[PDB]
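Chemist: Sharing a structure, written as structure tokens. Questions coming.
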Amino acid sequence: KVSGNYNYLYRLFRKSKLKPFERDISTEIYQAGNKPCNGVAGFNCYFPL
Amino acid sequence: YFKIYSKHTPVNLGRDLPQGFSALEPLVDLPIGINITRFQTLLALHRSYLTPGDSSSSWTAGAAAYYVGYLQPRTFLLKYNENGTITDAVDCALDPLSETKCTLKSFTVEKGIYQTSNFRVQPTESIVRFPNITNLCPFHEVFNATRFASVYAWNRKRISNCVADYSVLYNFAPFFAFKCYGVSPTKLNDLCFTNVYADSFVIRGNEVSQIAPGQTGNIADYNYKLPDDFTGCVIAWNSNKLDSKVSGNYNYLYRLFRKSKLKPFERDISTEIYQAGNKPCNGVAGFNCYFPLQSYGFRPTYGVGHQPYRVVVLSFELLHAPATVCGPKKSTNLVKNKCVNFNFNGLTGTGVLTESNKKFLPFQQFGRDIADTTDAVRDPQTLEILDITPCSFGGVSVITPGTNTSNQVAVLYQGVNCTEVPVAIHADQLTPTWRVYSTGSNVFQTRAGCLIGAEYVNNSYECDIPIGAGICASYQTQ
Amino acid sequence: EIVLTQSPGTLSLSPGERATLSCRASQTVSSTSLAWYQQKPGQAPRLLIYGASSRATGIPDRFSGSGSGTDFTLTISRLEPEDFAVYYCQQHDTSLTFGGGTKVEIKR
Amino acid sequence: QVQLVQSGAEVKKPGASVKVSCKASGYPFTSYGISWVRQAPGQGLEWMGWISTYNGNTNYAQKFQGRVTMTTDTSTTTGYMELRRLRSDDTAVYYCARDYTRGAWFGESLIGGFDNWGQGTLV
Amino acid sequence: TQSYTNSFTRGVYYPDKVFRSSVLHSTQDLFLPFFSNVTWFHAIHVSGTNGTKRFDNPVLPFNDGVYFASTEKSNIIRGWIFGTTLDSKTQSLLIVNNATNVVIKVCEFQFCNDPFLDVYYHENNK
Ligand SMILES: *[C@@H]1O[C@H](CO[C@@H]2O[C@@H](C)[C@@H](O)[C@@H](O)[C@@H]2O)[C@@H](O[C@@H]2O[C@H](CO)[C@@H](O[C@@H]3O[C@H](CO)[C@@H](O)[C@H](O)[C@@H]3O)[C@H](O)[C@H]2NC(C)=O)[C@H](O)[C@H]1NC(C)=O
Ligand SMILES: *[C@@H]1O[C@H](CO)[C@@H](O)[C@H](O)[C@H]1NC(C)=O
Ligand SMILES: *[C@@H]1O[C@H](CO)[C@@H](O)[C@H](O)[C@H]1NC(C)=O
Ligand SMILES: *[C@@H]1O[C@H](CO)[C@@H](O)[C@H](O)[C@H]1NC(C)=O
Ligand SMILES: *[C@@H]1O[C@H](CO)[C@@H](O)[C@H](O)[C@H]1NC(C)=O
Ligand SMILES: *[C@@H]1O[C@H](CO)[C@@H](O)[C@H](O)[C@H]1NC(C)=O
Ligand SMILES: *[C@@H]1O[C@H](CO)[C@@H](O)[C@H](O)[C@H]1NC(C)=O
Ligand SMILES: *[C@@H]1O[C@H](CO)[C@@H](O)[C@H](O)[C@H]1NC(C)=O
Ligand SMILES: *[C@@H]1O[C@H](CO)[C@@H](O)[C@H](O)[C@H]1NC(C)=O
Ligand SMILES: *[C@@H]1O[C@H](CO)[C@@H](O)[C@H](O)[C@H]1NC(C)=O
Ligand SMILES: *[C@@H]1O[C@H](CO)[C@@H](O)[C@H](O)[C@H]1NC(C)=O
């Protein structure tokens, strides 16, 4: 799309490695640091996809 | 697969787990491919009965009619009937006689002395030691400054030999997104490059997003240029309190008019008129003649975008040149007389570290016997001779009479010392499974190794099962 | 050289009241060029604020910075009576100079 | 953690030279400049000395230009003033500090001041 | 009625069905260890003609496979739950037995434990 074809996504963050043949669909909070966010999705707490 | 074995066994009279053997047959399986960490069972809760009350635990009994076990990977020997069914079986991780049955393929073992395996003791932890480590880089001199340049005239900061400390970069003061071009935000200190080129300036916040590969605009055509395959990152932060006058700072200019485009990382800083139309101005500066640079016109009271936003770039490169700027991880502590996986500046070995009496010359960092083997290593930041001692490996024998005359055995740990490690045989440290012998009762020492499970007798009998160094074991009647 | 004109001759007020410290600029000082130095009687000097009001060594609620552009000043609220320290203000635009001086007495 | 120590009180006469020592430990002696100030009763502090660590570049003040010289030792991380042209009533305390206004590698104007100081010397 | 007794010698299964005869083949595989601890579990929810909640069926970690043995009257134990968080937040497995059927499925069950326990759950009467 000349503007953007945002029908697809890819994960960028996860805590551990991957096993063979499993699916990890999840909207989680990547706690980038030490601040214990509970849904803030702001500073030091970002999106995995 | 989730294969489910099955065999209905009603031959039992009702006794819990009667002694015997049988075979199991599977029926079905299917794939799911899901991580699992909880096991539960479901009942016919609408009808419950025969549930007594008790508080049994820690190897006790209480009427349940249910049995739960967790399986483990084992090597395991089977005996096939001539019909094809299974008549007998043993496992090779229970008792020394079982391991003897497994080292030679039979159900009977005769008198003699055999060989099963080794018992090399595993390490306990790992330690890393590095140069004293320091002369780090003054990266704070970039962000912490009051002389931030302009977009049309930036400063080139090349980083010389130092230690790349990125702890104050992402962990401390991460005001905005890292905006990494090609680098791991977590592994910043892990991998290092040759040199870094740093530029500091100010642009519009709406024009801040223009700093990316393949992006053009008012600032990415003549002012500043980026390679498409750029690696590194850019850090942006608010600077309203930095440069905001009553009228606003007008000394910051941006290039808008130029004859052609800009080469990657080129500064076209100049003061000349633009040849617009058919007026080749020679000092007129009148009609169709304007200065390409236009005053930014800072506004302290304006909102986002026009507010001072400073971006510092980090131009990494991987060229075939000696490493110049690199930040290693902090060296851990030191241990002595403990089997650990020592690492000394690229010398990853296992063994026991002890003080050495050697007298290394000022240009000695390794040490060898005539075997092409590492012997002594100098500490990178203690300046002494640390000797290297290997682990405590050795073999395991087993002394038995005929398997059809007795069932008790004695194990000889040759070439080691009962005063040494094997007396403290423990789980998750020693490969042999049976950490059950007390190692304090019926313990004897011999030149060939210390023997477990026999009592020294000061009689004198002819040799039945030779051991070594004159000691000869034998079965006897007390 | 450019020096800073300070006129807190003596803050003869009891602890626990609002206190004002003056660091009026001579001709022009940058917004991001200010330092505050503490000097208790018979102690080593120490930096207080590396900017307008951003804390460096603790500063729970007493030492505050205010102003913008050319003029700046310091505000004290709920002073703890033990300190009675000397406060100096330093500019960074021209080399390194100190303030005139400040005295705070017991105020029995 | 920062440990800045200095020598004790001294008595010196005009015509000789007074030696002042400031040892530093706990922080890297490569990226922070060394500053030296003079304090006396009845007045504030000064800007008598400023040296870097990477290079021997000096930033001595115009008041005492060409009359102050101090050596820097990276091994012991020590600033050694060998002040000359002694005068009768130069009796004042001298303080060594870890500067955070100009860097020891490039030297631009930083955002900060003398966060860490020594223990002082009397002459 | 939690308890721990001896495993004795049970749980010997064919590793691969491929026929062998009069041989002594050995294998490295998942087995029930000999002479090990076997745990007796008993959910205890029945008393008189009233509820008397049990708080039984403790959750167990699911690892290294599981071996379950029982002598049910007819159909006391029917189902198994394998997964994490057992809700509509992580993928869940439902495995239930029937007269002649199975309810093997994978779904996002927020909850599936609705006992509806009989007020005359004592099977002595009904
Ligand atoms: C630019 O400068 C700021 C502020 O400068 C700080 O104060 C001056 C008086 C000098 O002493 C500077 O050396 C000092 O850095 C830097 O931000 C501050 O950095 C310090 C150093 O780590 C932070 O201290 C830490 O703070 C954490 C907070 O959780 C504590 O847990 C630590 O124990 C330690 O005290 C400080 O918090 C931080 N912020 C402030 C002072 O507001 C900034 O790092 C610097 N720029 C760069 C690129 O480094
Ligand atoms: C599965 O769940 C466990 C529970 O802690 C977790 O550790 C593991 O990372 C998960 N794996 C996947 C692939 O979801
Ligand atoms: C079962 O576990 C208990 C401790 O929980 C232990 O005392 C007992 O020896 C174990 N049973 C066997 C057969 O090892
Ligand atoms: C094996 O097959 C023979 C042949 O009929 C049969 O007689 C015998 O019962 C079977 N089982 C055993 C254990 O021999
Ligand atoms: C390395 O650092 C340690 C810290 O205790 C210090 O004792 C040692 O003298 C240093 N050595 C060098 C070579 O700097
Ligand atoms: C082994 O001894 C048993 C008696 O203990 C005897 O029945 C059997 O025949 C013997 N077998 C061999 C091979 O010696
Ligand atoms: C073996 O243990 C004995 C126990 O006293 C000890 O004296 C001896 O030194 C040990 N062997 C070695 C090689 O140290
Ligand atoms: C056996 O006799 C020896 C004599 O050499 C003696 O030293 C020892 O104490 C006796 N008892 C033993 C070895 O148990
Ligand atoms: C059982 O429940 C009923 C209704 O809740 C109550 O009336 C009755 O008393 C309960 N049984 C006993 C033994 O208390
Ligand atoms: C579950 O079992 C019952 C009998 O107990 C049967 O009637 C029913 O059809 C089964 N459900 C499924 C989905 O097979
Ligand atoms: C048993 O259950 C039946 C249900 O129909 C009920 O009528 C009866 O009273 C109960 N008790 C006895 C002793 O039968």
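Please read every residue number as a count from 1 along the shown chain.
According to its header, this structure was worked out by electron microscopy, 3.7 Å.
A Cβ is built for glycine as well, from the same backbone N, Cα and C atoms used for every other residue.
Under the heading N-linked glycosylation site, Swiss-Prot lists E:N37, E:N50, E:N98, E:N125, citing experimental evidence as support. Residues annotated as region 'Disordered' in Swiss-Prot, with a curator's inference given as evidence: E:43-56.
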Chemist: Let me spell it out: take the region 'Disordered' (E:43-56), skip the flanking residues so only those 6+ beyond its ends count, and list any with a Cβ under 8 Å from a Cβ in it.
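Modeler: Tertiary neighbours of the region 'Disordered' (E:43-56) are 1, 115, 117, 119-122.
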Chemist: Among the glycosylation sites listed here (E:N50, E:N98, E:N125), which has the Cα closest to the Cα of E:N37 (N-linked glycosylation site)?
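Modeler: Closest by Cα distance to E:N37 (N-linked glycosylation site) among the glycosylation sites E:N50, E:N98, E:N125: E:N98.
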Chemist: About how far apart, in whole Å, are the alpha carbons (Cα) of E:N50 (N-linked glycosylation site) and E:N125 (N-linked glycosylation site)?
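Modeler: About 14 Å separate the Cα atoms of these two residues.
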Chemist: At a CB cut-off of under 8 A, do any of the glycosylation sites E:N37, E:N50, E:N98, E:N125 come close to chain A? List them or say none.
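Modeler: Checking chain A against the glycosylation sites, no residue falls within range (Cβ-Cβ under 8 Å).
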Chemist: Listed glycosylation sites are E:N37, E:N50, E:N98, E:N125; which sit with C-beta under 6 angstroms of ligand 3?
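Modeler: Near the molecule: E:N37.
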Chemist: State the three-class DSSP label for E:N37 (N-linked glycosylation site), counting H, G and I as helix, E and B as strand, and everything else as coil.
Modeler: strand
Chemist: Cα-Cα separation of E:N125 (N-linked glycosylation site) and E:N98 (N-linked glycosylation site), in Å?
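Modeler: Just about 24 Å between their Cα atoms.
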Chemist: Using a Cβ cut-off of under 6 Å to any atom of ligand 9, determine which of the glycosylation sites E:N37, E:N98, E:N125 qualify.
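Modeler: From E:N37, E:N98, E:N125, counting a Cβ under 6 Å from ligand 9 as near, there are none.
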Chemist: Using DSSP, how many residues in the region 'Disordered' (E:43-56) fall into helix, strand and coil?
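Modeler: Breakdown, helix to coil: 0 helix, 0 strand, 14 coil.
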Chemist: Relative to the Cβ position of E:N98 (N-linked glycosylation site), how many further Cβ atoms are located within 10 Å?
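Modeler: Excluding its own Cβ, E:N98 (N-linked glycosylation site) sees 9 Cβ atoms within 10 Å.
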Chemist: Taking Cβ atoms only, which of the glycosylation sites E:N37, E:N50, E:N125 fall under 8 Å from chain B?
Modeler: E:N37
Chemist: Neighbour count first, Cβ atoms within 10 Å, every protein chain included; then name which of E:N37, E:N50, E:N125 tops the list of glycosylation sites.
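Modeler: In terms of Cβ crowding, the pick is E:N37.
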Chemist: Which three-state DSSP class does E:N98 (N-linked glycosylation site) fall into?
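Modeler: For E:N98 (N-linked glycosylation site) - judged by DSSP and reduced to three states - the answer is coil.
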